[PDB]
Structure formats: C-alpha cells, structure tokens
file target-v1.pdb (PDB, N, CA and C atoms)
ATOM      1  N   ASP H   1      -6.796 -20.731 -11.561
ATOM      2  CA  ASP H   1      -5.429 -20.430 -11.970
ATOM      3  C   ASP H   1      -5.416 -19.580 -13.237
ATOM      4  N   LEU H   2      -4.231 -19.112 -13.616
ATOM      5  CA  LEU H   2      -4.083 -18.285 -14.808
ATOM      6  C   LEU H   2      -2.741 -18.546 -15.487
ATOM      7  N   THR H   3      -2.699 -18.343 -16.800
ATOM      8  CA  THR H   3      -1.479 -18.556 -17.568
ATOM      9  C   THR H   3      -0.404 -17.546 -17.181
ATOM     10  N   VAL H   4       0.856 -17.946 -17.324
ATOM     11  CA  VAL H   4       1.977 -17.076 -16.990
ATOM     12  C   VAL H   4       2.794 -16.732 -18.231
ATOM     13  N   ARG H   5       2.149 -16.786 -19.390
ATOM     14  CA  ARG H   5       2.816 -16.482 -20.650
ATOM     15  C   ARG H   5       2.639 -15.012 -21.019
ATOM     16  N   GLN H   6       3.617 -14.463 -21.732
ATOM     17  CA  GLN H   6       3.568 -13.066 -22.147
ATOM     18  C   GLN H   6       4.520 -12.811 -23.312
ATOM     19  N   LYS H   7       3.987 -12.245 -24.390
ATOM     20  CA  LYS H   7       4.788 -11.947 -25.572
ATOM     21  C   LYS H   7       4.921 -10.441 -25.773
ATOM     22  N   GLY H   8       6.156  -9.977 -25.945
ATOM     23  CA  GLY H   8       6.395  -8.560 -26.147
ATOM     24  C   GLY H   8       6.582  -7.813 -24.842
ATOM     25  N   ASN H   9       5.596  -6.997 -24.483
ATOM     26  CA  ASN H   9       5.658  -6.220 -23.250
ATOM     27  C   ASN H   9       4.362  -6.356 -22.455
ATOM     28  N   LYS H  10       3.266  -5.880 -23.037
ATOM     29  CA  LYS H  10       1.963  -5.949 -22.386
ATOM     30  C   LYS H  10       2.028  -5.375 -20.975
ATOM     31  N   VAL H  11       2.795  -4.301 -20.812
ATOM     32  CA  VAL H  11       2.941  -3.655 -19.513
ATOM     33  C   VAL H  11       1.870  -2.591 -19.306
ATOM     34  N   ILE H  12       1.581  -2.288 -18.045
ATOM     35  CA  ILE H  12       0.576  -1.286 -17.712
ATOM     36  C   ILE H  12       1.083  -0.337 -16.631
ATOM     37  N   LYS H  13       0.516   0.865 -16.592
ATOM     38  CA  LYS H  13       0.907   1.863 -15.605
ATOM     39  C   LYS H  13       0.343   1.521 -14.230
ATOM     40  N   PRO H  14       1.024   1.994 -13.175
ATOM     41  CA  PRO H  14       0.607   1.752 -11.791
ATOM     42  C   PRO H  14      -0.668   2.505 -11.429
ATOM     43  N   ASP H  15      -1.430   1.953 -10.491
ATOM     44  CA  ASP H  15      -2.674   2.574 -10.052
ATOM     45  C   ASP H  15      -2.845   2.442  -8.542
ATOM     46  N   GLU H  16      -3.797   3.190  -7.993
ATOM     47  CA  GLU H  16      -4.059   3.158  -6.558
ATOM     48  C   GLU H  16      -5.271   2.283  -6.246
ATOM     49  N   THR H  17      -5.537   1.318  -7.122
ATOM     50  CA  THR H  17      -6.667   0.415  -6.943
ATOM     51  C   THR H  17      -6.203  -1.035  -6.863
ATOM     52  N   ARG H  18      -5.149  -1.356  -7.606
ATOM     53  CA  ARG H  18      -4.608  -2.711  -7.619
ATOM     54  C   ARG H  18      -4.277  -3.177  -6.204
ATOM     55  N   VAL H  19      -3.889  -4.442  -6.080
ATOM     56  CA  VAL H  19      -3.542  -5.011  -4.783
ATOM     57  C   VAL H  19      -2.523  -4.142  -4.056
ATOM     58  N   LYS H  20      -2.773  -3.892  -2.775
ATOM     59  CA  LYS H  20      -1.878  -3.077  -1.964
ATOM     60  C   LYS H  20      -1.237  -3.908  -0.858
ATOM     61  N   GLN H  21      -0.028  -4.397  -1.115
ATOM     62  CA  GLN H  21       0.692  -5.206  -0.140
ATOM     63  C   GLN H  21       1.684  -4.355   0.647
ATOM     64  N   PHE H  22       1.991  -4.788   1.866
ATOM     65  CA  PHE H  22       2.924  -4.065   2.722
ATOM     66  C   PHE H  22       4.319  -4.040   2.103
ATOM     67  N   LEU H  23       4.699  -5.144   1.471
ATOM     68  CA  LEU H  23       6.009  -5.251   0.837
ATOM     69  C   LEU H  23       6.008  -4.579  -0.532
ATOM     70  N   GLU H  24       4.814  -4.329  -1.062
ATOM     71  CA  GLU H  24       4.676  -3.690  -2.366
ATOM     72  C   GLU H  24       4.944  -2.191  -2.267
ATOM     73  N   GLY H  25       5.145  -1.711  -1.044
ATOM     74  CA  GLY H  25       5.408  -0.299  -0.835
ATOM     75  C   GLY H  25       6.889   0.004  -0.717
ATOM     76  N   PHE H  26       7.718  -1.012  -0.931
ATOM     77  CA  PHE H  26       9.165  -0.849  -0.843
ATOM     78  C   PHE H  26       9.841  -1.294  -2.137
ATOM     79  N   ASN H  27      11.009  -0.722  -2.413
ATOM     80  CA  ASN H  27      11.757  -1.058  -3.619
ATOM     81  C   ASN H  27      11.979  -2.564  -3.721
ATOM     82  N   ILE H  28      12.350  -3.023  -4.911
ATOM     83  CA  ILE H  28      12.595  -4.442  -5.140
ATOM     84  C   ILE H  28      14.063  -4.788  -4.917
ATOM     85  N   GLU H  29      14.927  -3.785  -5.032
ATOM     86  CA  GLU H  29      16.359  -3.985  -4.842
ATOM     87  C   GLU H  29      16.725  -3.929  -3.361
ATOM     88  N   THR H  30      15.941  -3.180  -2.593
ATOM     89  CA  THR H  30      16.181  -3.040  -1.162
ATOM     90  C   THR H  30      16.083  -4.387  -0.454
ATOM     91  N   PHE H  31      15.404  -5.335  -1.088
ATOM     92  CA  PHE H  31      15.237  -6.667  -0.519
ATOM     93  C   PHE H  31      16.485  -7.516  -0.743
ATOM     94  N   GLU H  32      16.707  -8.479   0.145
ATOM     95  CA  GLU H  32      17.866  -9.358   0.045
ATOM     96  C   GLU H  32      17.461 -10.816   0.243
ATOM     97  N   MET H  33      17.694 -11.632  -0.780
ATOM     98  CA  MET H  33      17.354 -13.050  -0.719
ATOM     99  C   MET H  33      17.940 -13.696   0.532
ATOM    100  N   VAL H  34      17.070 -14.254   1.368
ATOM    101  CA  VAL H  34      17.501 -14.906   2.598
ATOM    102  C   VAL H  34      17.728 -16.397   2.381
ATOM    103  N   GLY H  35      16.705 -17.078   1.872
ATOM    104  CA  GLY H  35      16.814 -18.504   1.624
ATOM    105  C   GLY H  35      15.818 -18.989   0.589
ATOM    106  N   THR H  36      15.756 -20.304   0.400
ATOM    107  CA  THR H  36      14.842 -20.894  -0.569
ATOM    108  C   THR H  36      14.367 -22.269  -0.110
ATOM    109  N   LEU H  37      13.079 -22.537  -0.295
ATOM    110  CA  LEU H  37      12.500 -23.816   0.099
ATOM    111  C   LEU H  37      12.046 -24.608  -1.123
ATOM    112  N   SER H  38      12.268 -25.918  -1.089
ATOM    113  CA  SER H  38      11.882 -26.787  -2.194
ATOM    114  C   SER H  38      11.401 -28.141  -1.679
ATOM    115  N   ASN H  39      10.136 -28.450  -1.940
ATOM    116  CA  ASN H  39       9.551 -29.713  -1.502
ATOM    117  C   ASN H  39       8.380 -30.109  -2.396
ATOM    118  N   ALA H  40       7.640 -31.129  -1.974
ATOM    119  CA  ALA H  40       6.491 -31.604  -2.734
ATOM    120  C   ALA H  40       5.520 -30.466  -3.032
ATOM    121  N   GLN H  41       5.381 -29.550  -2.079
ATOM    122  CA  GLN H  41       4.483 -28.413  -2.239
ATOM    123  C   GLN H  41       4.930 -27.524  -3.395
ATOM    124  N   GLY H  42       6.234 -27.510  -3.654
ATOM    125  CA  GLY H  42       6.767 -26.697  -4.733
ATOM    126  C   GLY H  42       8.053 -25.994  -4.347
ATOM    127  N   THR H  43       8.366 -24.911  -5.053
ATOM    128  CA  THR H  43       9.578 -24.147  -4.782
ATOM    129  C   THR H  43       9.246 -22.721  -4.358
ATOM    130  N   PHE H  44       9.586 -22.383  -3.119
ATOM    131  CA  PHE H  44       9.323 -21.048  -2.591
ATOM    132  C   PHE H  44      10.627 -20.291  -2.353
ATOM    133  N   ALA H  45      10.527 -18.970  -2.254
ATOM    134  CA  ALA H  45      11.697 -18.130  -2.026
ATOM    135  C   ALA H  45      11.517 -17.265  -0.784
ATOM    136  N   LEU H  46      12.543 -17.226   0.058
ATOM    137  CA  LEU H  46      12.498 -16.437   1.284
ATOM    138  C   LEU H  46      13.367 -15.190   1.161
ATOM    139  N   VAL H  47      12.754 -14.026   1.354
ATOM    140  CA  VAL H  47      13.472 -12.759   1.268
ATOM    141  C   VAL H  47      13.220 -11.899   2.501
ATOM    142  N   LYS H  48      14.128 -10.965   2.760
ATOM    143  CA  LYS H  48      14.005 -10.074   3.907
ATOM    144  C   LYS H  48      13.905  -8.620   3.459
ATOM    145  N   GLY H  49      13.114  -7.835   4.185
ATOM    146  CA  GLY H  49      12.948  -6.433   3.846
ATOM    147  C   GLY H  49      11.904  -5.749   4.708
ATOM    148  N   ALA H  50      11.840  -4.424   4.615
ATOM    149  CA  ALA H  50      10.879  -3.650   5.392
ATOM    150  C   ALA H  50      10.933  -4.030   6.867
ATOM    151  N   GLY H  51      12.106  -4.460   7.320
ATOM    152  CA  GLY H  51      12.269  -4.848   8.710
ATOM    153  C   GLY H  51      11.521  -6.123   9.047
ATOM    154  N   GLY H  52      11.490  -7.056   8.100
ATOM    155  CA  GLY H  52      10.798  -8.314   8.320
ATOM    156  C   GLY H  52      11.122  -9.347   7.260
ATOM    157  N   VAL H  53      10.548 -10.538   7.401
ATOM    158  CA  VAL H  53      10.781 -11.616   6.448
ATOM    159  C   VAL H  53       9.528 -11.904   5.628
ATOM    160  N   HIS H  54       9.721 -12.192   4.345
ATOM    161  CA  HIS H  54       8.606 -12.489   3.451
ATOM    162  C   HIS H  54       8.867 -13.768   2.664
ATOM    163  N   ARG H  55       7.794 -14.403   2.203
ATOM    164  CA  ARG H  55       7.907 -15.638   1.437
ATOM    165  C   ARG H  55       7.009 -15.597   0.203
ATOM    166  N   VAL H  56       7.600 -15.849  -0.961
ATOM    167  CA  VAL H  56       6.854 -15.840  -2.214
ATOM    168  C   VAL H  56       7.360 -16.922  -3.161
ATOM    169  N   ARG H  57       6.474 -17.404  -4.028
ATOM    170  CA  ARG H  57       6.831 -18.441  -4.988
ATOM    171  C   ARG H  57       6.516 -17.996  -6.412
ATOM    172  N   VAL H  58       6.826 -18.855  -7.378
ATOM    173  CA  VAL H  58       6.575 -18.550  -8.781
ATOM    174  C   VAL H  58       5.151 -18.045  -8.989
ATOM    175  N   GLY H  59       5.031 -16.806  -9.457
ATOM    176  CA  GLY H  59       3.721 -16.227  -9.691
ATOM    177  C   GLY H  59       3.451 -15.027  -8.804
ATOM    178  N   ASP H  60       3.900 -15.103  -7.556
ATOM    179  CA  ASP H  60       3.703 -14.015  -6.605
ATOM    180  C   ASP H  60       4.436 -12.757  -7.059
ATOM    181  N   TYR H  61       4.229 -11.664  -6.335
ATOM    182  CA  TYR H  61       4.867 -10.395  -6.665
ATOM    183  C   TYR H  61       5.546  -9.791  -5.440
ATOM    184  N   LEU H  62       6.524  -8.925  -5.681
ATOM    185  CA  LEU H  62       7.253  -8.274  -4.598
ATOM    186  C   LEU H  62       7.898  -6.978  -5.077
ATOM    187  N   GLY H  63       7.904  -5.969  -4.210
ATOM    188  CA  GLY H  63       8.493  -4.691  -4.563
ATOM    189  C   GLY H  63       7.493  -3.746  -5.198
ATOM    190  N   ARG H  64       7.822  -2.459  -5.210
ATOM    191  CA  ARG H  64       6.943  -1.450  -5.790
ATOM    192  C   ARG H  64       6.815  -1.643  -7.298
ATOM    193  N   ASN H  65       7.759  -2.378  -7.878
ATOM    194  CA  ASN H  65       7.752  -2.637  -9.313
ATOM    195  C   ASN H  65       6.991  -3.920  -9.631
ATOM    196  N   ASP H  66       6.214  -4.396  -8.664
ATOM    197  CA  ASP H  66       5.434  -5.615  -8.840
ATOM    198  C   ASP H  66       6.312  -6.756  -9.343
ATOM    199  N   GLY H  67       7.508  -6.872  -8.773
ATOM    200  CA  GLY H  67       8.425  -7.921  -9.178
ATOM    201  C   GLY H  67       7.798  -9.299  -9.100
ATOM    202  N   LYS H  68       7.386  -9.826 -10.248
ATOM    203  CA  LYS H  68       6.767 -11.145 -10.306
ATOM    204  C   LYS H  68       7.824 -12.244 -10.271
ATOM    205  N   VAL H  69       7.505 -13.343  -9.596
ATOM    206  CA  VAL H  69       8.426 -14.469  -9.489
ATOM    207  C   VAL H  69       8.331 -15.375 -10.712
ATOM    208  N   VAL H  70       9.455 -15.550 -11.401
ATOM    209  CA  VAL H  70       9.499 -16.393 -12.589
ATOM    210  C   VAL H  70      10.491 -17.538 -12.413
ATOM    211  N   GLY H  71      11.536 -17.294 -11.628
ATOM    212  CA  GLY H  71      12.540 -18.314 -11.392
ATOM    213  C   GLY H  71      12.985 -18.365  -9.944
ATOM    214  N   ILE H  72      13.237 -19.571  -9.446
ATOM    215  CA  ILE H  72      13.671 -19.752  -8.065
ATOM    216  C   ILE H  72      14.776 -20.798  -7.970
ATOM    217  N   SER H  73      15.999 -20.338  -7.730
ATOM    218  CA  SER H  73      17.145 -21.234  -7.618
ATOM    219  C   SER H  73      17.571 -21.391  -6.160
ATOM    220  N   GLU H  74      18.734 -21.999  -5.953
ATOM    221  CA  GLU H  74      19.255 -22.212  -4.608
ATOM    222  C   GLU H  74      20.174 -21.066  -4.192
ATOM    223  N   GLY H  75      20.623 -20.290  -5.174
ATOM    224  CA  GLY H  75      21.505 -19.172  -4.891
ATOM    225  C   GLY H  75      21.129 -17.926  -5.669
ATOM    226  N   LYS H  76      19.920 -17.917  -6.220
ATOM    227  CA  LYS H  76      19.441 -16.779  -6.994
ATOM    228  C   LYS H  76      17.952 -16.917  -7.300
ATOM    229  N   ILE H  77      17.259 -15.785  -7.364
ATOM    230  CA  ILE H  77      15.829 -15.782  -7.650
ATOM    231  C   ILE H  77      15.507 -14.860  -8.822
ATOM    232  N   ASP H  78      14.977 -15.440  -9.894
ATOM    233  CA  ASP H  78      14.620 -14.671 -11.081
ATOM    234  C   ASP H  78      13.214 -14.093 -10.950
ATOM    235  N   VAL H  79      13.099 -12.782 -11.142
ATOM    236  CA  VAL H  79      11.812 -12.106 -11.048
ATOM    237  C   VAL H  79      11.714 -10.963 -12.052
ATOM    238  N   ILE H  80      10.508 -10.726 -12.556
ATOM    239  CA  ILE H  80      10.281  -9.661 -13.525
ATOM    240  C   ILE H  80       9.675  -8.431 -12.858
ATOM    241  N   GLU H  81      10.413  -7.326 -12.885
ATOM    242  CA  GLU H  81       9.946  -6.082 -12.284
ATOM    243  C   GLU H  81       9.557  -5.070 -13.358
ATOM    244  N   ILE H  82       8.697  -4.127 -12.989
ATOM    245  CA  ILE H  82       8.245  -3.100 -13.920
ATOM    246  C   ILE H  82       9.020  -1.801 -13.723
ATOM    247  N   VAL H  83       9.605  -1.297 -14.806
ATOM    248  CA  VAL H  83      10.373  -0.059 -14.753
ATOM    249  C   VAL H  83      10.000   0.868 -15.906
ATOM    250  N   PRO H  84      10.168   2.180 -15.687
ATOM    251  CA  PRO H  84       9.856   3.197 -16.696
ATOM    252  C   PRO H  84      10.831   3.168 -17.868
ATOM    253  N   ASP H  85      10.391   3.684 -19.010
ATOM    254  CA  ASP H  85      11.226   3.719 -20.206
ATOM    255  C   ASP H  85      11.991   5.036 -20.296
ATOM    256  N   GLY H  86      11.446   6.075 -19.669
ATOM    257  CA  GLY H  86      12.090   7.375 -19.693
ATOM    258  C   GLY H  86      11.167   8.471 -20.188
ATOM    259  N   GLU H  87      10.069   8.074 -20.826
ATOM    260  CA  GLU H  87       9.104   9.032 -21.352
ATOM    261  C   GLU H  87       7.790   8.959 -20.581
ATOM    262  N   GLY H  88       7.423   7.753 -20.162
ATOM    263  CA  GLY H  88       6.189   7.568 -19.419
ATOM    264  C   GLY H  88       5.710   6.130 -19.438
ATOM    265  N   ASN H  89       6.087   5.396 -20.480
ATOM    266  CA  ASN H  89       5.689   4.000 -20.615
ATOM    267  C   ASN H  89       6.558   3.099 -19.742
ATOM    268  N   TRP H  90       6.033   1.928 -19.402
ATOM    269  CA  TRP H  90       6.761   0.976 -18.572
ATOM    270  C   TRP H  90       7.239  -0.213 -19.397
ATOM    271  N   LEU H  91       8.184  -0.968 -18.848
ATOM    272  CA  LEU H  91       8.725  -2.136 -19.535
ATOM    273  C   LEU H  91       9.159  -3.203 -18.536
ATOM    274  N   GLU H  92       9.387  -4.415 -19.032
ATOM    275  CA  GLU H  92       9.808  -5.522 -18.182
ATOM    276  C   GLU H  92      11.275  -5.376 -17.785
ATOM    277  N   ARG H  93      11.601  -5.818 -16.575
ATOM    278  CA  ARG H  93      12.968  -5.736 -16.075
ATOM    279  C   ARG H  93      13.358  -7.019 -15.346
ATOM    280  N   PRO H  94      13.947  -7.966 -16.090
ATOM    281  CA  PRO H  94      14.380  -9.253 -15.535
ATOM    282  C   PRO H  94      15.574  -9.107 -14.599
ATOM    283  N   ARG H  95      15.319  -9.227 -13.300
ATOM    284  CA  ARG H  95      16.375  -9.107 -12.301
ATOM    285  C   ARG H  95      16.501 -10.393 -11.488
ATOM    286  N   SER H  96      17.727 -10.716 -11.087
ATOM    287  CA  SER H  96      17.982 -11.921 -10.308
ATOM    288  C   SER H  96      18.501 -11.569  -8.917
ATOM    289  N   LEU H  97      17.803 -12.047  -7.893
ATOM    290  CA  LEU H  97      18.190 -11.784  -6.513
ATOM    291  C   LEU H  97      19.051 -12.917  -5.962
ATOM    292  N   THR H  98      20.352 -12.667  -5.856
ATOM    293  CA  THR H  98      21.282 -13.666  -5.344
ATOM    294  C   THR H  98      21.246 -13.721  -3.821
ATOM    295  N   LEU H  99      21.554 -14.888  -3.269
ATOM    296  CA  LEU H  99      21.559 -15.072  -1.822
ATOM    297  C   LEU H  99      22.398 -13.999  -1.138
ATOM    298  N   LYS H 100      21.873 -13.449  -0.048
ATOM    299  CA  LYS H 100      22.575 -12.412   0.701
ATOM    300  C   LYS H 100      23.992 -12.857   1.046
ATOM    301  N   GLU H 101      24.920 -11.904   1.059
ATOM    302  CA  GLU H 101      26.312 -12.199   1.374
ATOM    303  C   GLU H 101      27.133 -10.916   1.467
ATOM    304  N   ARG H 102      28.407 -11.059   1.818
ATOM    305  CA  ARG H 102      29.297  -9.912   1.945
ATOM    306  C   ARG H 102      29.303  -9.083   0.664
ATOM    307  N   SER H 103      28.947  -7.807   0.790
ATOM    308  CA  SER H 103      28.906  -6.910  -0.359
ATOM    309  C   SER H 103      28.718  -5.463   0.089
ATOM    310  N   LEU H 104      28.734  -4.546  -0.871
ATOM    311  CA  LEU H 104      28.564  -3.128  -0.577
ATOM    312  C   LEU H 104      28.430  -2.318  -1.862
ATOM    313  N   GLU H 105      27.619  -1.265  -1.811
ATOM    314  CA  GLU H 105      27.406  -0.408  -2.971
ATOM    315  C   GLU H 105      26.707   0.888  -2.569
ATOM    316  N   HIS H 106      26.895   1.929  -3.375
ATOM    317  CA  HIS H 106      26.284   3.225  -3.105
ATOM    318  C   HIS H 106      24.792   3.200  -3.421
ATOM    319  N   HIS H 107      24.107   4.294  -3.108
ATOM    320  CA  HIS H 107      22.673   4.398  -3.358
ATOM    321  C   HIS H 107      22.404   5.077  -4.698
ATOM    322  N   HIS H 108      21.248   4.780  -5.285
ATOM    323  CA  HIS H 108      20.870   5.363  -6.567
ATOM    324  C   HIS H 108      20.095   6.661  -6.367
ATOM    325  N   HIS H 109      20.128   7.527  -7.377
ATOM    326  CA  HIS H 109      19.428   8.804  -7.311
ATOM    327  C   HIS H 109      17.941   8.625  -7.603
ATOM    328  N   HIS H 110      17.634   8.101  -8.785
ATOM    329  CA  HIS H 110      16.249   7.878  -9.186
ATOM    330  C   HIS H 110      15.658   6.677  -8.453
ATOM    331  N   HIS H 111      14.494   6.878  -7.843
ATOM    332  CA  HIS H 111      13.823   5.811  -7.107
ATOM    333  C   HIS H 111      12.513   5.424  -7.786
TER
END

call {"tool": "encode", "arguments": {"input": "target-v1.pdb", "output": "structure tokens"}}
result
Amino acid sequence: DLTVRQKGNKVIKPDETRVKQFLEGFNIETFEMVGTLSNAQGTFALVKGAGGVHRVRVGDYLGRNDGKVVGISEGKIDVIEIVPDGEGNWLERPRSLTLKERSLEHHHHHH
C-alpha cells in the first residue's frame, strides 16, 4: 500500500510511459456517475463512459486528467484531477461527480 497524503501541489506532467487505461483516454467530465456501492469490502463508485461501465474506489484513477478518487458519497463522488495552469505547469482540480440526472449544457472549447 501507499500513503494518500499530499501537501501543496506535487503535480507532474503527463507521459507516454505511465499506466495506460482504456478509460484514461477519455475526459473526466464526459463521465457520468451511475451509482455507488458500500459494504464490508469498502466504498466503491460506479460510473459510465466510453460506451461502457467502470468501477473505481478511493485511490483509483479515471479520466485523461488521472482523476484520483478521494471521496465517495451516495449522490456525489469527490476526485482530484490534473489540469494545466496556462503556461505549462499542472495543478490539482477537486471535482465532484454528482449522480446522473436530468440536465444539459454546451461543450467546451479547450480539451
């Protein structure tokens, strides 16, 4: 196992050597929280994307921004994603994925 603590930023640039997951090739926002599981085994999160279903728990990663799992609720999932600062450096991006539901929004320019 490994510690999940982090002070400041300690962010790093993306590479073509790190773990290459099928879901890691798609945006983190494109995904939509489907459900959540909680039992003796622990707390897992169910999300849909890339034309399929995926399951990850605290510690795992998802999205091209390596969205790490930090929080898992019944109606929202807290995860830390990596995003650019605007010059070249990266930074942490705490985003919460709420359970899928009726909604709508336009698309973003920068991907």

call {"tool": "closest_residue", "arguments": {"input": "target-v1.pdb", "among": "H:94, H:88, H:8, H:71", "to": "residue 57 (chain H)", "atoms": "all atoms listed in the file"}}
result
H:71

call {"tool": "atom_distance", "arguments": {"input": "target-v1.pdb", "atom1": "atom N of residue 42 (chain H)", "atom2": "CA of residue 25 (chain H)"}}
result
27.4 Å

call {"tool": "atom_distance", "arguments": {"input": "target-v1.pdb", "atom1": "atom C of residue 98 (chain H)", "atom2": "atom C of residue 14 (chain H)"}}
result
28.3 Å

call {"tool": "closest_residue", "arguments": {"input": "target-v1.pdb", "among": "H:15, H:24, H:101, H:1", "to": "residue 59 (chain H)", "atoms": "only C-alpha atoms"}}
result
H:1

call {"tool": "closest_residue", "arguments": {"input": "target-v1.pdb", "among": "H:92, H:62, H:79, H:99", "to": "residue 27 (chain H)", "atoms": "only C-alpha atoms"}}
result
H:62

call {"tool": "axis_aligned_box", "arguments": {"input": "target-v1.pdb", "around": "region 59-62 of chain H", "padding_each_side": "4 Å", "output": "AutoDock Vina command-line options"}}
result
--center_x 5.7 --center_y -11.9 --center_z -7.1 --size_x 12.4 --size_y 17.8 --size_z 13.1

call {"tool": "closest_residue", "arguments": {"input": "target-v1.pdb", "among": "H:107, H:100, H:18, H:93", "to": "residue 36 (chain H)", "atoms": "only C-alpha atoms"}}
result
H:100

call {"tool": "residues_around", "arguments": {"input": "target-v1.pdb", "residues": "residue 30 (chain H)", "least_positions_apart": "3", "cutoff": "6.5 Å", "atoms": "only N, CA and C atoms", "output": "ChimeraX atom specification"}}
result
/H:26-27,48-49
